[PDB]
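Colleague: To start, I am sharing the structure in question, which I have written as structure tokens.
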Amino acid sequence: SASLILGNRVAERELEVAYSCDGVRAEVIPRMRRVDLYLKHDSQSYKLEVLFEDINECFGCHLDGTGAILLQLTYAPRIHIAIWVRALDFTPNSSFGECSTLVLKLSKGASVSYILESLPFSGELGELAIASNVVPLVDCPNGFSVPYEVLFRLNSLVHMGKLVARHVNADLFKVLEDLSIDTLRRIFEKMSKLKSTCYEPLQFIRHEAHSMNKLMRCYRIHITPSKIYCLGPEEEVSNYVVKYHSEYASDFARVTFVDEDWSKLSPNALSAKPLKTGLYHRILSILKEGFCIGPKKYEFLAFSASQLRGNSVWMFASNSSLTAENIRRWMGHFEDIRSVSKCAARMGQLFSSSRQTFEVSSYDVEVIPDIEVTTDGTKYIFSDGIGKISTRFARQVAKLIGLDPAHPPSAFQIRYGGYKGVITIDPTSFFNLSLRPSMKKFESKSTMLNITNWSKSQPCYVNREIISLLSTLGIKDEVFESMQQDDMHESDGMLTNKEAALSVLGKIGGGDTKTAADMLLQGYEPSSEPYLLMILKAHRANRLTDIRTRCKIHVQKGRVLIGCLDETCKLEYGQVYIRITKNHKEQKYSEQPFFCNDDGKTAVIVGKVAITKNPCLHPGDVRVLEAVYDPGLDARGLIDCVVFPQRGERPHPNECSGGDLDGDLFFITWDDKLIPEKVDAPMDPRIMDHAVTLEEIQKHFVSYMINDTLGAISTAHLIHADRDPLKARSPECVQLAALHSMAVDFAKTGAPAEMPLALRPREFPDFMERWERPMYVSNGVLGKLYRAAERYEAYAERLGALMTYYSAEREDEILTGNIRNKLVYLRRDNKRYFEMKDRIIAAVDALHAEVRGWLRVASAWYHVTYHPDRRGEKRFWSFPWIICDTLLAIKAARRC
């Protein structure tokens, strides 16, 4: 029967108590590395739970000579309630949010020595106690004035565990009352990396002040059932609004509703005849009322098209000049919209990141009538949005993003006021824009065309869901076995050469390795150490591991071009046009049958093609058309967009799932092997009678957190297609596809149902390290694809900083981006390496940059000056002088 004695530390051994309890029962279980406490508060049976990875230090202290094992924490525990359901910090005065220390007066036959082996370490100290909305926050006492970023950084240091709130009493403010802000930032960053709890802030700040010599700042906050975290102003790709209201950037934020450990909040916690828990009402009250930090009281603003699946909200502290209501009435007009879910979804239209280009006009954007038709009562607008930008406008935009203003793309994924839809390129365009009304959500007055994408020849690669739901028709296995089984164990050569290996690595982007591209253009190396080869092997490990685990495959002759549409009416219901550009494998060895022109680096397509869009389930999504060499479509410089018909009957874009033209992806592949045999049966309510209110929008927001929809379609399709090979002819899967017409992404007519079917099955693929009970024999090619799976001082400092529990022997594991041996070391959460590795790498890189820049300054690497280093084995097998300049200047101009 221990006794919780929470609180803080003000000296190295002086504890200040803030809450006390009795009757606490503790249990430690090595499995999952968990320790839990069973305490009650006068009417219930609560329960805590804290893991082994969330403890910063552990001193086996002594209080009254009867135990008192100290426990400093970095993540608050998880509370429960008896009936177990999650809890909301039962303590009388919000203690668990301010203590961050869990000393327990362990009293038993053995005080601490019985249970200390299951904990990192223990060093006895033996001293005594000293004294007695959102918490914890630190406010600036009167008579002083510091910029808000300074208070934010002080609060972030209090939250992480570097400072104490007791010590900031007008004296830190008297100290830093007059100096620069950047030196303060550097002092904090040097303090941001130390071990724990700098107890002498004045001494530290003075001794460190002795040595006096497009991306906006984004303040983040992490709400949590107990605490509130400040993450410090870092960097962001600002969206339209935040970059518009420039000066008030300190009045913005980015709130996120996370768990104790910074993960998403599972729908199992928000509710469990289901009854709701405390966290539901906690989040609702936080959204409704708000919270204050220093001289700032934040109030709800909106949430993006994203950030609803990402669990985020933008908040704004209303001030004398602007408020959240002024913002929401500057965005658009939402006083006359029903089906509150639409009023919420459309409200977050301008909250998307983009590289703004130009506020053109309201007169230079003409309104050309839509090319519509009517048939059998239902009309087909032939448009979710088309637009017609002149080529000179694509040329203009081409620079603002930094592309080549000679070969602009064929399309752009616009965002413009009330409209939203891809603007295909058209040479027969009168003015810089031509917008037809088919997607205008509100009669806003926004302008300044954003950009979210462009017509880009992406290197198509696919996965297991693609093979299944697109090859239920006619494309069996070798298209998906050969690529991997050949170019996953041959091309990746660290020693042989890189003639076609850097490209096959940079299939996902060639920004990693130039040592290879210049390995033979420049010299190999003045020395002959094998650790260049070992770094190459580390990158090889990265590539093979990621490719294998994600099961990445690819078809050769095809691209991922954006969707397009005809204008000249020279193709009757079934004719398309491609005009794709060439890659190296096409440039060299350019002889294929389906090609038409091959005018240098561009090769038109002739044979039958197939178009679809990735989030498609209803059969007949793929549409077989007859590619042609339309001379007008060629004369109009069309390249990298698939042109669709505009005459006839029920349009082909609507035939895929329901999407005509808004900026969506259309997977194209002219590979005569991956052309379908025939199209599989091309088959042909919520009102509230008043305006909208914020309470309803926030209710819907907190509701989606428990009623996820994409999992429904995903898992039900998994079952009904893979586990039973019927395409769609059973009524179950087609009925599911029908129900997933207004229930796909929860931003619809409105919140239809979490699982309108029976339920979601408790099974997964075979590869979740918890395979419990399998279905019939593992079919598909998934298992078969998974088959065939100053310098010495700096080195000493790196070795010492990395030789904690980290398994890293001499240099291989210490330099690799992970551990070179991993079987079950991460299969629990995979959240056990990345943060620490990134922090240590950033620290050592900044140290290297300092030592190299601030000293003919960096002589031994700028001009060959210090020769006695390239003798092998002078030091151990790892040689220094390798960073930030690998094959850059010496092999450029020192030898030949």
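Order determines the names: the first chain of the structure tokens is A, the second B, and so forth; residues in each chain are numbered 1 upward, and ligands are numbered 1 upward as they are shown.
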Mind checking which residues fall within 12 Å of residue 443 in chain A, counting only C-alpha atoms, ignoring those fewer than 3 positions away in the same chain, and posting them as a count of residues only?

Modeller: 19

Colleague: Could you pull out all residues of range 257-358 of chain A with a DSSP call of helix (DSSP H, G or I) and give them as a PyMOL selection string?

Modeller: chain A and resi 267-270+278-288+324-331+340-348

Colleague: May I ask which of the residues A:759, A:365, A:534, A:479 is the closest one to residue 785 in chain A, counting only C-alpha atoms?

Modeller: A:479

Colleague: Could you pull the residues within 10 Å of range 760-774 of chain A, counting only C-alpha atoms, minus those fewer than 2 positions along the same chain, as an NGL selection string?

Modeller: :A and (549 or 711-716 or 718-719 or 754-758 or 776-778 or 782-783 or 824 or 827-828)

Colleague: How about saving the chosen residues, N, CA, C and O atoms kept, as a CSV table (one decimal), in the first residue's frame?

Modeller:
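The result, written out as part.csv:
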```
chain,number,residue,atom,x,y,z
A,549,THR,N,8.3,-4.0,-47.5
A,549,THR,CA,7.2,-3.9,-46.5
A,549,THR,C,5.9,-3.2,-47.1
A,549,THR,O,4.8,-3.6,-46.8
A,711,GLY,N,-13.1,3.3,-43.4
A,711,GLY,CA,-12.9,1.9,-43.0
A,711,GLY,C,-14.1,1.0,-43.4
A,711,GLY,O,-13.8,-0.2,-43.7
A,712,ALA,N,-15.3,1.5,-43.4
A,712,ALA,CA,-16.4,0.7,-43.8
A,712,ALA,C,-16.2,0.2,-45.2
A,712,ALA,O,-16.2,-1.0,-45.5
A,713,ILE,N,-16.1,1.1,-46.2
A,713,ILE,CA,-15.9,0.7,-47.6
A,713,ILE,C,-14.7,-0.2,-47.7
A,713,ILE,O,-14.7,-1.2,-48.4
A,714,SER,N,-13.6,0.2,-47.1
A,714,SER,CA,-12.3,-0.6,-47.2
A,714,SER,C,-12.5,-2.0,-46.8
A,714,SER,O,-12.3,-3.0,-47.5
A,715,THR,N,-13.0,-2.2,-45.5
A,715,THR,CA,-13.1,-3.6,-45.0
A,715,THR,C,-14.2,-4.4,-45.6
A,715,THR,O,-14.0,-5.6,-45.9
A,716,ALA,N,-15.3,-3.8,-45.9
A,716,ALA,CA,-16.4,-4.5,-46.6
A,716,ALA,C,-16.0,-4.9,-48.0
A,716,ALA,O,-16.3,-6.1,-48.4
A,718,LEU,N,-12.8,-5.4,-49.0
A,718,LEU,CA,-11.8,-6.5,-48.7
A,718,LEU,C,-12.5,-7.8,-48.6
A,718,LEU,O,-12.3,-8.7,-49.4
A,719,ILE,N,-13.5,-8.0,-47.7
A,719,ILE,CA,-14.2,-9.2,-47.5
A,719,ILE,C,-14.9,-9.6,-48.8
A,719,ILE,O,-14.5,-10.6,-49.5
A,754,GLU,N,-22.1,5.1,-39.0
A,754,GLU,CA,-20.8,4.5,-38.8
A,754,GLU,C,-20.7,3.2,-39.6
A,754,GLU,O,-19.9,3.0,-40.5
A,755,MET,N,-21.6,2.2,-39.2
A,755,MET,CA,-21.7,0.9,-39.9
A,755,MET,C,-23.1,0.6,-40.1
A,755,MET,O,-23.7,-0.1,-39.3
A,756,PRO,N,-23.7,1.1,-41.2
A,756,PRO,CA,-25.1,0.7,-41.5
A,756,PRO,C,-25.3,-0.8,-41.7
A,756,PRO,O,-26.4,-1.3,-41.7
A,757,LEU,N,-24.2,-1.5,-42.0
A,757,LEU,CA,-24.2,-3.0,-42.2
A,757,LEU,C,-24.2,-3.5,-40.7
A,757,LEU,O,-24.4,-2.8,-39.8
A,758,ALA,N,-24.0,-4.9,-40.6
A,758,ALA,CA,-24.0,-5.5,-39.3
A,758,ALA,C,-22.9,-4.9,-38.4
A,758,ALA,O,-23.2,-4.2,-37.4
A,776,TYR,N,-9.5,-18.7,-45.3
A,776,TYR,CA,-9.0,-19.8,-46.2
A,776,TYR,C,-7.6,-19.5,-46.7
A,776,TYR,O,-7.1,-18.4,-46.5
A,777,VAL,N,-7.0,-20.4,-47.4
A,777,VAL,CA,-5.6,-20.4,-47.8
A,777,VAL,C,-5.2,-19.0,-48.4
A,777,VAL,O,-6.0,-18.4,-49.2
A,778,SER,N,-4.1,-18.5,-48.1
A,778,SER,CA,-3.7,-17.2,-48.5
A,778,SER,C,-3.5,-17.1,-50.0
A,778,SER,O,-2.5,-17.6,-50.5
A,782,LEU,N,0.3,-11.7,-52.6
A,782,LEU,CA,0.9,-10.9,-51.6
A,782,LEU,C,2.0,-11.7,-50.9
A,782,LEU,O,3.1,-11.2,-50.7
A,783,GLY,N,1.7,-12.9,-50.4
A,783,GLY,CA,2.7,-13.7,-49.8
A,783,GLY,C,3.8,-14.1,-50.7
A,783,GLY,O,5.0,-14.1,-50.3
A,824,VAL,N,11.8,-7.9,-34.1
A,824,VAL,CA,10.6,-7.6,-33.4
A,824,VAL,C,10.8,-6.4,-32.5
A,824,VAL,O,10.0,-6.2,-31.5
A,827,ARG,N,7.9,-3.9,-33.7
A,827,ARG,CA,6.6,-4.4,-34.2
A,827,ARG,C,5.4,-4.0,-33.3
A,827,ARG,O,4.2,-4.2,-33.6
A,828,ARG,N,5.7,-3.4,-32.1
A,828,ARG,CA,4.6,-2.9,-31.2
A,828,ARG,C,4.0,-1.6,-31.8
A,828,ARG,O,2.8,-1.6,-32.1
```

Colleague: Could you check which of A:800, A:143, A:676, A:348 is closest to residue 474 in chain A, using only C-alpha atoms?

Modeller: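 So, comparing all the options, the nearest one is A:676.
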
Colleague: Need to verify the contact set: range 881-890 of chain A, 9 Å, only C-alpha atoms, exclusion of same-chain residues closer than 6 positions in sequence. Can you return it as a PyMOL selection string?

Modeller: chain A and resi 514-515+518-519+522-525+791+845+848-849+860-864+869

Colleague: Using N, CA and C atoms, can you write the selected residues to a file as a PDB file, in the first residue's frame?

Modeller:
```
ATOM      1  N   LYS A 514      23.853  11.978 -54.654  1.00  0.00           N
ATOM      2  CA  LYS A 514      24.641  12.468 -55.777  1.00  0.00           C
ATOM      3  C   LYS A 514      26.069  11.949 -55.773  1.00  0.00           C
ATOM      4  N   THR A 515      26.502  11.320 -54.677  1.00  0.00           N
ATOM      5  CA  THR A 515      27.811  10.681 -54.648  1.00  0.00           C
ATOM      6  C   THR A 515      27.948   9.663 -55.770  1.00  0.00           C
ATOM      7  N   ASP A 518      28.110  11.544 -59.319  1.00  0.00           N
ATOM      8  CA  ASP A 518      29.433  12.124 -59.513  1.00  0.00           C
ATOM      9  C   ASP A 518      30.555  11.167 -59.129  1.00  0.00           C
ATOM     10  N   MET A 519      30.233   9.900 -58.868  1.00  0.00           N
ATOM     11  CA  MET A 519      31.228   8.912 -58.471  1.00  0.00           C
ATOM     12  C   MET A 519      32.251   8.628 -59.560  1.00  0.00           C
ATOM     13  N   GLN A 522      33.563  12.445 -61.317  1.00  0.00           N
ATOM     14  CA  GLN A 522      34.711  12.795 -60.502  1.00  0.00           C
ATOM     15  C   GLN A 522      35.437  11.519 -60.096  1.00  0.00           C
ATOM     16  N   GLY A 523      36.528  11.684 -59.355  1.00  0.00           N
ATOM     17  CA  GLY A 523      37.268  10.530 -58.888  1.00  0.00           C
ATOM     18  C   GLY A 523      36.474   9.705 -57.894  1.00  0.00           C
ATOM     19  N   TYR A 524      36.875   8.440 -57.762  1.00  0.00           N
ATOM     20  CA  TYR A 524      36.254   7.561 -56.779  1.00  0.00           C
ATOM     21  C   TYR A 524      36.444   8.113 -55.371  1.00  0.00           C
ATOM     22  N   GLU A 525      37.691   8.142 -54.909  1.00  0.00           N
ATOM     23  CA  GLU A 525      38.083   8.723 -53.632  1.00  0.00           C
ATOM     24  C   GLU A 525      39.605   8.764 -53.569  1.00  0.00           C
ATOM     25  N   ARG A 791      38.742  16.005 -34.481  1.00  0.00           N
ATOM     26  CA  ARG A 791      37.979  14.969 -35.172  1.00  0.00           C
ATOM     27  C   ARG A 791      37.733  13.761 -34.270  1.00  0.00           C
ATOM     28  N   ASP A 845      24.683  17.574 -36.635  1.00  0.00           N
ATOM     29  CA  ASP A 845      24.843  18.325 -37.872  1.00  0.00           C
ATOM     30  C   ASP A 845      25.043  19.805 -37.584  1.00  0.00           C
ATOM     31  N   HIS A 848      28.600  20.159 -36.386  1.00  0.00           N
ATOM     32  CA  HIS A 848      29.524  20.089 -37.511  1.00  0.00           C
ATOM     33  C   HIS A 848      29.503  21.384 -38.310  1.00  0.00           C
ATOM     34  N   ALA A 849      28.308  21.923 -38.561  1.00  0.00           N
ATOM     35  CA  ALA A 849      28.197  23.167 -39.311  1.00  0.00           C
ATOM     36  C   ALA A 849      28.913  24.301 -38.596  1.00  0.00           C
ATOM     37  N   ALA A 860      41.071  22.765 -44.501  1.00  0.00           N
ATOM     38  CA  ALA A 860      41.347  21.377 -44.865  1.00  0.00           C
ATOM     39  C   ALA A 860      40.314  20.779 -45.810  1.00  0.00           C
ATOM     40  N   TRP A 861      39.201  21.468 -46.052  1.00  0.00           N
ATOM     41  CA  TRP A 861      38.167  21.003 -46.963  1.00  0.00           C
ATOM     42  C   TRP A 861      37.850  22.006 -48.062  1.00  0.00           C
ATOM     43  N   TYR A 862      38.300  23.253 -47.920  1.00  0.00           N
ATOM     44  CA  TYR A 862      38.151  24.265 -48.957  1.00  0.00           C
ATOM     45  C   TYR A 862      39.325  24.261 -49.930  1.00  0.00           C
ATOM     46  N   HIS A 863      40.537  24.116 -49.404  1.00  0.00           N
ATOM     47  CA  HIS A 863      41.754  23.991 -50.198  1.00  0.00           C
ATOM     48  C   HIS A 863      42.614  22.930 -49.533  1.00  0.00           C
ATOM     49  N   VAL A 864      43.182  22.019 -50.321  1.00  0.00           N
ATOM     50  CA  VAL A 864      43.870  20.868 -49.739  1.00  0.00           C
ATOM     51  C   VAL A 864      45.045  21.382 -48.906  1.00  0.00           C
ATOM     52  N   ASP A 869      45.682  12.691 -43.168  1.00  0.00           N
ATOM     53  CA  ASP A 869      44.424  12.128 -42.695  1.00  0.00           C
ATOM     54  C   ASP A 869      44.010  10.921 -43.528  1.00  0.00           C
TER      55      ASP A 869
END
```

Colleague: Can you tell me which residues surround range 113-124 of chain A at a distance of at most 12 Å, considering only C-alpha atoms, apart from same-chain residues fewer than 2 positions away, and format the answer as number ranges by chain?

Modeller: A: 12-13, 26-31, 33-35, 51-63, 65-72, 106-111, 126-127, 804-805

Colleague: Output the selection as a compact mmCIF listing (two decimals), in the first residue's frame - N, CA and C atoms for each residue.

Modeller:
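Result saved to out_22.txt:
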```txt
# COMPACT_ATOMS: atom_id res chain seq x y z
N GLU A 12 17.96 19.86 -6.32
CA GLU A 12 18.30 18.53 -6.82
C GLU A 12 17.64 17.44 -5.99
N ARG A 13 17.24 17.75 -4.76
CA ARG A 13 16.58 16.76 -3.91
C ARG A 13 15.41 17.34 -3.12
N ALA A 26 0.00 -0.83 -6.28
CA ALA A 26 0.81 -0.78 -7.49
C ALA A 26 1.09 -2.19 -7.99
N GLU A 27 1.17 -2.34 -9.31
CA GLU A 27 1.54 -3.59 -9.94
C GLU A 27 2.45 -3.29 -11.13
N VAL A 28 3.47 -4.12 -11.29
CA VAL A 28 4.40 -4.01 -12.41
C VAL A 28 4.36 -5.31 -13.19
N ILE A 29 4.20 -5.21 -14.50
CA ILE A 29 4.13 -6.36 -15.39
C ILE A 29 5.16 -6.18 -16.50
N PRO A 30 6.11 -7.11 -16.62
CA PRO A 30 7.15 -6.95 -17.65
C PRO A 30 6.60 -7.02 -19.07
N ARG A 31 5.56 -7.82 -19.30
CA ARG A 31 4.94 -7.86 -20.62
C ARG A 31 4.33 -6.51 -20.95
N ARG A 33 5.76 -3.97 -20.82
CA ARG A 33 6.53 -3.03 -20.00
C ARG A 33 5.63 -1.97 -19.37
N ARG A 34 4.70 -2.43 -18.54
CA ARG A 34 3.67 -1.58 -17.98
C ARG A 34 3.68 -1.64 -16.46
N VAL A 35 3.34 -0.52 -15.84
CA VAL A 35 3.14 -0.43 -14.39
C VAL A 35 1.88 0.39 -14.14
N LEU A 51 3.72 3.46 -18.85
CA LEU A 51 4.60 2.48 -19.45
C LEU A 51 6.06 2.80 -19.10
N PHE A 52 6.96 1.91 -19.53
CA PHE A 52 8.37 2.05 -19.20
C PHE A 52 9.07 3.08 -20.08
N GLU A 53 8.54 3.34 -21.27
CA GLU A 53 9.20 4.24 -22.21
C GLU A 53 8.89 5.71 -21.97
N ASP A 54 8.05 6.02 -20.98
CA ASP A 54 7.63 7.39 -20.73
C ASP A 54 8.23 7.97 -19.46
N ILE A 55 9.33 7.40 -18.98
CA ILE A 55 10.00 7.83 -17.75
C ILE A 55 11.34 8.43 -18.13
N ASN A 56 11.63 9.62 -17.59
CA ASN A 56 12.86 10.32 -17.94
C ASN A 56 14.02 9.90 -17.05
N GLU A 57 13.81 9.89 -15.73
CA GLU A 57 14.84 9.49 -14.79
C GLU A 57 14.22 8.65 -13.69
N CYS A 58 15.08 8.04 -12.87
CA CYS A 58 14.62 7.20 -11.77
C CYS A 58 15.70 7.19 -10.70
N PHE A 59 15.46 7.90 -9.61
CA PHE A 59 16.35 7.92 -8.46
C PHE A 59 15.72 7.15 -7.31
N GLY A 60 16.48 6.23 -6.73
CA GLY A 60 16.02 5.51 -5.57
C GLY A 60 16.21 6.31 -4.30
N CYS A 61 15.41 7.36 -4.14
CA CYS A 61 15.59 8.30 -3.03
C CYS A 61 15.18 7.65 -1.71
N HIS A 62 15.25 8.43 -0.64
CA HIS A 62 14.89 7.98 0.70
C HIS A 62 14.15 9.08 1.43
N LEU A 63 12.97 8.75 1.96
CA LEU A 63 12.16 9.68 2.74
C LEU A 63 11.80 8.99 4.04
N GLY A 65 13.53 7.20 5.73
CA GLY A 65 14.14 5.88 5.77
C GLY A 65 13.19 4.74 5.51
N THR A 66 12.15 4.97 4.71
CA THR A 66 11.17 3.93 4.41
C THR A 66 10.77 3.96 2.94
N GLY A 67 11.74 4.11 2.05
CA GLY A 67 11.48 3.93 0.63
C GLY A 67 11.46 5.19 -0.20
N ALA A 68 10.28 5.55 -0.70
CA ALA A 68 10.07 6.74 -1.53
C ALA A 68 10.92 6.70 -2.80
N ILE A 69 10.60 5.74 -3.66
CA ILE A 69 11.21 5.66 -4.99
C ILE A 69 10.65 6.78 -5.86
N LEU A 70 11.54 7.65 -6.34
CA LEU A 70 11.15 8.77 -7.17
C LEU A 70 10.89 8.31 -8.60
N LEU A 71 10.04 9.06 -9.30
CA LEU A 71 9.69 8.73 -10.68
C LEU A 71 9.35 10.02 -11.41
N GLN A 72 10.30 10.54 -12.18
CA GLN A 72 10.03 11.67 -13.05
C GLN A 72 9.40 11.17 -14.35
N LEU A 106 6.84 4.16 -1.04
CA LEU A 106 6.71 2.71 -1.04
C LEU A 106 7.03 2.15 0.34
N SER A 107 6.04 1.48 0.94
CA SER A 107 6.18 0.92 2.28
C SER A 107 5.84 -0.56 2.21
N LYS A 108 6.84 -1.41 2.48
CA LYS A 108 6.70 -2.85 2.36
C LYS A 108 7.93 -3.46 3.03
N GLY A 109 7.93 -4.79 3.17
CA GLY A 109 9.05 -5.51 3.75
C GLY A 109 10.39 -5.11 3.18
N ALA A 110 10.43 -4.87 1.87
CA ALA A 110 11.59 -4.29 1.20
C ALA A 110 11.17 -2.96 0.59
N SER A 111 11.93 -1.90 0.88
CA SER A 111 11.48 -0.55 0.56
C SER A 111 11.51 -0.30 -0.95
N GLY A 126 18.02 11.01 -0.93
CA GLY A 126 17.64 11.09 0.47
C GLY A 126 17.49 12.47 1.08
N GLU A 127 16.47 13.22 0.67
CA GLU A 127 16.13 14.49 1.31
C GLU A 127 14.61 14.58 1.47
N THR A 804 23.76 5.05 -25.19
CA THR A 804 22.76 4.66 -24.21
C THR A 804 22.25 3.27 -24.62
N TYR A 805 21.08 2.87 -24.14
CA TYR A 805 20.49 1.58 -24.46
C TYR A 805 20.52 1.27 -25.96
```

Colleague: Do you know which residues are at most 12 Å from residue 599 in chain A counting only C-alpha atoms, after dropping those on the same chain fewer than 3 positions away, and could you put them as a PDB file with N, CA and C atoms, in the first residue's frame?

Modeller:
```
ATOM      1  N   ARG A 579      -0.832  11.519 -75.893  1.00  0.00           N
ATOM      2  CA  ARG A 579       0.365  12.321 -76.166  1.00  0.00           C
ATOM      3  C   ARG A 579       1.254  12.439 -74.923  1.00  0.00           C
ATOM      4  N   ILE A 580       1.807  11.306 -74.511  1.00  0.00           N
ATOM      5  CA  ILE A 580       2.640  11.240 -73.316  1.00  0.00           C
ATOM      6  C   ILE A 580       4.096  11.476 -73.697  1.00  0.00           C
ATOM      7  N   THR A 581       4.855  12.067 -72.775  1.00  0.00           N
ATOM      8  CA  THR A 581       6.276  12.319 -72.964  1.00  0.00           C
ATOM      9  C   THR A 581       7.101  11.106 -72.538  1.00  0.00           C
ATOM     10  N   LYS A 582       8.378  11.120 -72.917  1.00  0.00           N
ATOM     11  CA  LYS A 582       9.248   9.961 -72.790  1.00  0.00           C
ATOM     12  C   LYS A 582      10.175  10.073 -71.585  1.00  0.00           C
ATOM     13  N   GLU A 586      12.420   5.046 -72.471  1.00  0.00           N
ATOM     14  CA  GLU A 586      11.748   5.320 -73.732  1.00  0.00           C
ATOM     15  C   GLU A 586      12.632   6.109 -74.688  1.00  0.00           C
ATOM     16  N   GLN A 587      13.435   7.042 -74.169  1.00  0.00           N
ATOM     17  CA  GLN A 587      14.336   7.811 -75.022  1.00  0.00           C
ATOM     18  C   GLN A 587      15.329   6.896 -75.727  1.00  0.00           C
ATOM     19  N   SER A 590      13.903   3.199 -78.334  1.00  0.00           N
ATOM     20  CA  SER A 590      12.600   3.765 -78.673  1.00  0.00           C
ATOM     21  C   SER A 590      12.043   3.018 -79.884  1.00  0.00           C
ATOM     22  N   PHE A 595       3.087   3.167 -80.102  1.00  0.00           N
ATOM     23  CA  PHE A 595       3.473   4.550 -80.336  1.00  0.00           C
ATOM     24  C   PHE A 595       2.988   5.013 -81.703  1.00  0.00           C
ATOM     25  N   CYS A 596       2.839   6.326 -81.853  1.00  0.00           N
ATOM     26  CA  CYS A 596       2.332   6.898 -83.093  1.00  0.00           C
ATOM     27  C   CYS A 596       3.297   7.881 -83.733  1.00  0.00           C
ATOM     28  N   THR A 602       8.236  12.611 -77.106  1.00  0.00           N
ATOM     29  CA  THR A 602       6.790  12.534 -76.924  1.00  0.00           C
ATOM     30  C   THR A 602       6.237  11.476 -77.867  1.00  0.00           C
ATOM     31  N   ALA A 603       5.459  10.540 -77.327  1.00  0.00           N
ATOM     32  CA  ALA A 603       4.972   9.382 -78.076  1.00  0.00           C
ATOM     33  C   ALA A 603       3.467   9.232 -77.880  1.00  0.00           C
ATOM     34  N   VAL A 604       2.696   9.582 -78.913  1.00  0.00           N
ATOM     35  CA  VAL A 604       1.243   9.433 -78.857  1.00  0.00           C
ATOM     36  C   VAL A 604       0.867   7.957 -78.711  1.00  0.00           C
ATOM     37  N   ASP A 634      -3.985  17.048 -81.486  1.00  0.00           N
ATOM     38  CA  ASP A 634      -2.532  17.125 -81.572  1.00  0.00           C
ATOM     39  C   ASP A 634      -2.074  18.552 -81.829  1.00  0.00           C
TER      40      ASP A 634
END
```

Colleague: Tell me, in Å to one decimal, how far CA of residue 532 in chain A is from CA of residue 495 in chain A.

Modeller: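 CA of residue 495 in chain A lies at a distance of 9.5 Å from CA of residue 532 in chain A.
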
Colleague: Measuring between only C-alpha atoms, which one of A:134, A:789, A:625, A:705 shows the shortest distance to residue 546 in chain A?

Modeller: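 Going through A:134, A:789, A:625, A:705 one by one, the smallest distance to residue 546 in chain A is for A:789.
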
Colleague: Residues within 12 Å of residue 784 in chain A, please, as a PyMOL selection string. Count only C-alpha atoms; anything in the same chain fewer than 2 positions from it doesn't count.

Modeller: chain A and resi 464+477-478+480-482+484-485+548+551+778-782+786-789

Colleague: Find the residue from A:171, A:684, A:621, A:708 that sits nearest to residue 653 in chain A; use only C-alpha atoms when measuring.

Modeller: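 Among A:171, A:684, A:621, A:708, it is A:621 that comes nearest to residue 653 in chain A.
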
Colleague: Between CA of residue 628 in chain A and CA of residue 607 in chain A, measure the distance and give it in Å to one decimal.

Modeller: 7.8 Å

Colleague: Give the answer as one residue: which of A:237, A:301, A:627, A:423 has the shortest atom-to-atom distance to residue 563 in chain A, using only C-alpha atoms?

Modeller: A:423

Colleague: Could you jot down the CA of residue 164 in chain A to CA of residue 3 in chain A separation for me, Å, one decimal place?

Modeller: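 Those two atoms sit 23.7 Å apart.
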
Colleague: From the set A:315, A:632, A:207, A:265, which residue has the shortest atom-to-atom contact distance to residue 220 in chain A, counting only C-alpha atoms?

Modeller: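 Of all the options, A:315 lies closest to residue 220 in chain A.
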